[PDB]
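# As a preliminary step, the opening chains of the complex are given here in situ:
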Amino acid sequence: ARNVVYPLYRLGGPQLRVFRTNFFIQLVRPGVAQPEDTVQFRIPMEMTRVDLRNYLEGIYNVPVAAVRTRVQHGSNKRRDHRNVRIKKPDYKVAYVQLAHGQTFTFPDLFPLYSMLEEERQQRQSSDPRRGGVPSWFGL
Amino acid sequence: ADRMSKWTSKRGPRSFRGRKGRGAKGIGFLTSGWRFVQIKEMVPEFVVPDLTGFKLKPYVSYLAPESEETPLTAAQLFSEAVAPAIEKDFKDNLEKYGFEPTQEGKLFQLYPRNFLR
Amino acid sequence: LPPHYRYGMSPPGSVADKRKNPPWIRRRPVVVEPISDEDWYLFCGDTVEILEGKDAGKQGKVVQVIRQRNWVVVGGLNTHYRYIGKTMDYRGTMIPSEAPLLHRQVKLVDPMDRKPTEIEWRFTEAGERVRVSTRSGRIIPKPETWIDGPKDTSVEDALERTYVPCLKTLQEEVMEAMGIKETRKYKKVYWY
Amino acid sequence: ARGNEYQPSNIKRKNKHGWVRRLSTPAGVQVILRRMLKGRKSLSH
Amino acid sequence: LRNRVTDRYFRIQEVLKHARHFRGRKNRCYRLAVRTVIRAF
Amino acid sequence: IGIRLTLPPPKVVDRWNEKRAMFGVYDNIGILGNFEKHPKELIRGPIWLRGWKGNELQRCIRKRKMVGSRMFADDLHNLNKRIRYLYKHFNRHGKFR
């Protein structure tokens, strides 16, 4: 869990246990070409590699073999009308290699106007022989 | 030369980039040869129940009726938790009813929290 | 939203709003008269009557209450004419958009007398509060299915009282439920 | 060659101007107090 | 400013109406027009 | 062009306002109320200049010695500097002497 004071461990103490997990997770699509057995996550900062292993083993029951995380610096180079730096937030990225010869591909997610489009059919464009005469009049 | 930027771990020289980390937690200790010992019991075990046959979905149907907020004060939890035990053992040592004066020998202590969350 | 944000016909989070109210404008704040939260009496669905200007004396129905500016948007009445869908070559279409009214410009309607009425918040034994007109002693009410998906609880299962109130924590109750055992007792640390 | 002057390093910046040094002496404590009374966003390096 | 001058356009136009036929910036700018209008008088 | 293009909104003044209509009442509360009060007790303002007129040096000396104990700190410091400047000005600079 995150934003929680962890109880201090002395030698021979009980197992440190988290019951209601504070931190979430999201698996993003890889923007670069990666091996077929690798799932890329966006860990929130206070979550280590061991915690991500036991997190995916416990909750989602995924046979996770390797985890390699890294920290992404969101850019502090964009500015207000006040000329004040806006920081896009930094985020930790997990790279997960799966066991048992499993293979993951990110699935292909995401595969009144009657009046408007029925006046876009009846637009009745001005014939060039009219020369700007309004075509409403029956004369 | 910046002052406004947060002093992150990406920023100093090698000795500064080594010591400061993110909001992660310590799992073990360093020994000679800089060899990291990972203590098994410091790792949080995600205690996860069985989600089989469990009939609570993440949303509630709109046909559920509206009620009032009654936060659990100490008098309510004493009342429904302890008060019929006192009334049944009074019509015929406070530790008999679920009271513990001290909790140093207790596993999950209430003050201070030695459990997590 | 910035201070002295100017409320308008668009909602305070839309896109054409951000064309109209970008984060760098500082405009003269509209002096609106302070109506109390209990003093407001025009609701989204009341049949009201316009007193002033165009469409005076007509009765319509409130469609939107923009309460931060004492605004009542009568549907189909007090309309001006704007185009929409105007591309580069096509001139758009004509639409009767609706101009908002201050609540001073609006009076309610008895559902049996059909007249402009002043309304007070009279108290009765049957109902603690409700609108009561003054020209007649008549109560105006307050104006105004579902199929579950695979991810909704039933109503009965959302209201099960499976809570036996006990002096055990969530942690002790789940450790007793899961059958997890622990013999290592916790060792006292120092807090300062 | 003149004007290059500022020759940066983070160790000399934190150990010259940082918070722990400003709280090492009471003069720098009064510096931090003038920063908070003026209202500045960064009280120290 | 408690009371600062409002009627100042008309003093400038008191002087500058006599300069309307001069050359240069004497017909336009008040600093030059005062000297040439005094001098013309 | 420092002049306005439209005429300003009109200035309505109610001459029979509560303040204007009853203005000046109980100014002669001494000379026909058996001298129980003085009209300098009828004025409201700063406590250092109820019933007193002085120039600026006198207003600041009197302000300091009457309410200067509970003044704010940089108001007390600015006021000490104003008394020191106005001392150096009234007593050393000037034409007539």
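Yes, it's here. Residues are numbered from 1 along each chain as shown, chains lettered A, B, ... in the order given.
# roughly how far out does stretch A:4-22 sit from the chain middle?
Here stretch A:4-22 is found 30 Å from its chain centre; the criterion is C-alpha atoms, centre = their mean, to the nearest Å.
# Can you list the buried residues in that stretch?
When neighbours are counted by 16 or more other C-beta atoms under 10 Å in any protein chain shown, the buried residues of stretch A:4-22 are found to be A:7, A:9, A:13-14, A:16-19, A:21. The C-beta positions use only the backbone N, C-alpha and C, and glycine is treated the same way.
# Same check on stretch B:51-61?
Burial within stretch B:51-61, assessed by neighbour count using 16+ other C-beta under 10 Å, is assigned to B:57, B:60-61.
# in chain E, which spans are helices?
Remark: helices of chain E, listed N- to C-terminal, are E:8-16, E:30-40; assignment by DSSP state H.
# So which of these is the most surrounded?
For the helices of chain E, average neighbour numbers computed from mean count of other C-beta atoms under 10 Å in any protein chain shown are highest in helix E:30-40, which has a mean of 14.
# Output the contacting helices and strands for that helix.
Counting contacts by 3 or more C-beta pairs under 8 Å, 6 or more residues apart in numbering or on different chains; DSSP states H and E, the secondary-structure elements packed against helix E:30-40 are helix E:8-16.
# relative to helix E:30-40, how tilted is the helix it packs on?
The directions of helix E:8-16 and helix E:30-40 differ by 40 degrees, with axes from the mean of the first three to the mean of the last three C-alpha atoms, to 10 degrees as the criterion.
# Contacts for helix E:8-16 next, please.
E:27-28, E:30, E:33-34, E:37, F:1-3 (C-beta atoms under 8 Å, 6 or more residues apart in numbering or on different chains).
# do that again at 7 Å, thanks
E:30, E:33-34, E:37, F:1-3 (C-beta atoms under 7 Å, 6 or more residues apart in numbering or on different chains).
# that older thread, pick out the most distant pair among the buried residues of stretch A:4-22.
Of all pairs drawn from these, the one with the longest distance (C-beta to C-beta) is A:13 and A:21, at 21.3 Å.
# which residues touch the residue in chain B that chain F sits nearest to?
Among residues of chain B, the one nearest chain F by C-beta to the nearest C-beta turns out to be residue B:3. It sits 26.6 Å away. Applying C-beta under 7 Å, 6+ apart, one finds that residue B:3 lies in contact with D:42, D:45.
# Neighbours of residue F:6, how many?
The tally of other residues near residue F:6 (other C-beta atoms under 10 Å in any protein chain shown) stands at 5.
# measure it to residue E:1 for me?
Distance from residue F:6 to residue E:1, counting by C-beta to C-beta, to the nearest Å: 21 Å.
# Now stretch F:57-64: buried residues?
Within stretch F:57-64, the residues that qualify as buried by neighbour count (16+ other C-beta under 10 Å) are F:57, F:59-64.
# one more, chain G:
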Amino acid sequence: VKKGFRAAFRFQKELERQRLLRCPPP
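One more chain to add, chain G, which I have set with the ones above:
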């Protein structure tokens, strides 16, 4: 915005005189 009425009034009348001498009425 300089408070007052009299310079705004006189300048309002000289704008009226320039509107006359620009577009003279029939």
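# again for the contacts of helix E:8-16, chain G present now?
Here helix E:8-16 makes contact (C-beta under 7 Å, 6+ apart) with E:30, E:33-34, E:37, F:1-3, G:10-11.
# at 8 Å instead, please
With contact meaning C-beta under 8 Å, 6+ apart, helix E:8-16 is reached by E:27-28, E:30, E:33-34, E:37, F:1-3, G:7, G:10-11.
# tell me which element the residue in chain G positioned nearest to chain E is part of?
Closest approach of chain G to chain E (C-beta to the nearest C-beta) occurs at residue G:7, with a separation of 3.9 Å. Element membership for residue G:7, per DSSP states H and E: helix G:6-22.
# Next, count neighbours for the residue of chain A found nearest chain G.
When scored by C-beta to the nearest C-beta, chain A has residue A:81 as its residue closest to chain G, at 25.3 Å. Around residue A:81 there are 9 other residues, counting by other C-beta under 10 Å.
# nearest spatial neighbour of it, skipping sequence neighbours?
Distances taken as C-beta to C-beta, 6 or more residues apart in numbering or on different chains put residue C:24 closest to residue A:81, at 4.2 Å, once the chain neighbours are dropped.
# Show the contacting residues for residue 22.
Looking at chain A here, since you left the chain open. If a contact means C-beta under 8 Å, 6+ apart, then residue A:22 has A:1-4, B:117 as its contacts.
# Any idea how many residues pack against residue C:65?
Residues lying near residue C:65 (other C-beta under 10 Å) number 19.
# what do you get for residue C:190?
Each residue near residue C:190 was counted by other C-beta under 10 Å, and the total is 5.
# how far away is it from chain G?
Noted for residue C:190: a distance of 67 Å to chain G, by C-beta to the nearest C-beta, to the nearest Å.
# Backbone dihedrals for that residue, please?
Backbone torsions of residue C:190, given as degrees, to the nearest 10, read phi -100, psi 140.
# ditto for residue C:66
Listed backbone geometry of residue C:66 is phi -100, psi 90, with angles given as degrees, to the nearest 10.
# show me what contacts it?
With contacts defined as C-beta under 8 Å, 6+ apart, the neighbours of residue C:66 are C:7-9, C:73, C:100.
# now do residue C:63
Residues in contact with residue C:63, defined by C-beta under 8 Å, 6+ apart, are C:44, C:73-75, C:98.
# Pipe those residues into TSV and attach secondary structure, distance to chain D and neighbour count per row.
Formatted as TSV, the entries for those read as follows, by DSSP: H, G, I helix; E, B strand; the rest coil; distance: C-beta to the nearest C-beta, whole Å; neighbours: other C-beta atoms under 10 Å in any protein chain shown:
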residue	secondary structure	distance to chain D	neighbour count
C:44	coil	44	14
C:73	strand	44	19
C:74	strand	49	26
C:75	coil	50	12
C:98	strand	46	18
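# In chain D, which residue sits closest to chain G?
Relative to chain G, the nearest point of chain D is residue D:39 (31.1 Å; C-beta to the nearest C-beta).
# tack on chain H:
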Amino acid sequence: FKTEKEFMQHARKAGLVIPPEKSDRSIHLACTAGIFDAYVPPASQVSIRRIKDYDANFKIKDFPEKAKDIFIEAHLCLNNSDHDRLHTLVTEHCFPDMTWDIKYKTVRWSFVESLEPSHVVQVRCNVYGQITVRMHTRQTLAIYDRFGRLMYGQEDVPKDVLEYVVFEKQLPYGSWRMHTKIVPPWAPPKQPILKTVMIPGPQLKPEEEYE
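Placing chain H onto the earlier chains gives this:
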């Protein structure tokens, strides 16, 4: 742009994501996109009762009189550009179709006496009444410029006009207003225009040839 799809695809390529937001106020329209059933010129009494059950005092034997007075008065408001009257006299589907191109030009339309008794033709039907009226009149047009020089039709000479004017009514406060005007494909062409027109051919790119 040219359509909604180009603005949406440039909203996806530019990255400008517009979430569809839900507002409780929708547009209270007072028109139709054209005609419910287009009358074709050379039994619908159920729709007449479908007008009389909302209106409760409605006489078709008095209606082509009023259809005349709604017609002519609306065209009189083109002589004066009285748009405030026109939105009471004409629908919103008709108002750009008769007032847009006449902007920045003075028309001097003038009615003179009709040739036939005007008469109802068909009637069809949240609830939108619709009455098509046959008129055969004598009108005079004179459409001028910004510069006040004649470009369509003499002011004196009357012309005889066939008119299939479609009316629509909102069925609590609306009245009968000109909705559309059916022009039939068998009709003769209008007046010729005073000036000549050049019509350009295909503007050729250098690699292209004219065929």
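# once more on the contacts of residue B:3, this time with chain H?
Each residue near residue B:3 by C-beta under 8 Å, 6+ apart is listed here: D:41-42, D:45.
# again with residue E:26
Contacts of residue E:26 by C-beta under 8 Å, 6+ apart are E:19, E:32-33, E:36.
# Now do stretch A:129-139: distance from first to last residue.
Using C-alpha to C-alpha, to the nearest Å, the gap from the first to the last residue of stretch A:129-139 comes to 15 Å.
# does that stretch come close to chain C?
No - using C-beta under 8 Å from any C-beta of the partner chain, we find that stretch A:129-139 stays clear of chain C, coming within 12.8 Å at best.
# Go through that stretch and flag the buried ones.
Quick answer for stretch A:129-139 (16+ other C-beta under 10 Å): A:133-134, A:136-138.
# Reformat those residues as TSV; add distance to chain B and secondary structure.
TSV is the format used below for the buried residues of stretch A:129-139 (distance: C-beta to the nearest C-beta, whole Å; DSSP: H, G, I helix; E, B strand; the rest coil):
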residue	distance to chain B	secondary structure
A:133	59	coil
A:134	54	coil
A:136	52	coil
A:137	57	coil
A:138	57	coil
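# Looking at the contacts of residue E:26, which is nearest residue H:82?
Nearest to residue H:82 among the contacts of residue E:26, counting by C-beta to C-beta, is residue E:19 at 51.1 Å.
# got the contact list for the residue in chain B that chain G sits nearest to?
Among the residues of chain B, residue B:4 lies closest to chain G, at 37.3 Å counting by C-beta to the nearest C-beta. Applying C-beta under 8 Å, 6+ apart, we find residue B:4 in contact with A:85, D:41-42.
# Which of the residues you listed has the largest number of neighbours?
Neighbour counts for the contacts of residue B:4, by other C-beta under 10 Å, peak at residue A:85, which reaches 14 neighbours.
# Surely it and residue A:74 touch.
No - at 11.6 Å, residue A:85 does not count as touching residue A:74 under the criterion of C-beta atoms under 8 Å.
# Surely residue A:40 forms part of a helix?
No - residue state for residue A:40 (DSSP: H, G, I helix; E, B strand; the rest coil) corresponds to strand; a helix is not indicated.
# shouldn't residue D:43 be in contact with residue D:23?
No - with contacts counted by C-beta under 8 Å, residue D:43 stays clear of residue D:23, the gap being 10.4 Å.
# tell me the helices in chain A, going along the chain?
Remark: helices of chain A, listed N- to C-terminal, are A:49-58, A:113-120; assignment by DSSP H.
# And the last one, what's buried?
Read it as helix A:113-120. Neighbour counts over helix A:113-120 (16+ other C-beta under 10 Å) mark A:115, A:119-120 as buried.
# Make CSV out of those and add distance to chain D.
Formatted as CSV, the entries for these read as follows, by distance: C-beta to the nearest C-beta, whole Å:
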residue, distance to chain D
A:115, 54
A:119, 56
A:120, 54
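# Sounds good, over and out.
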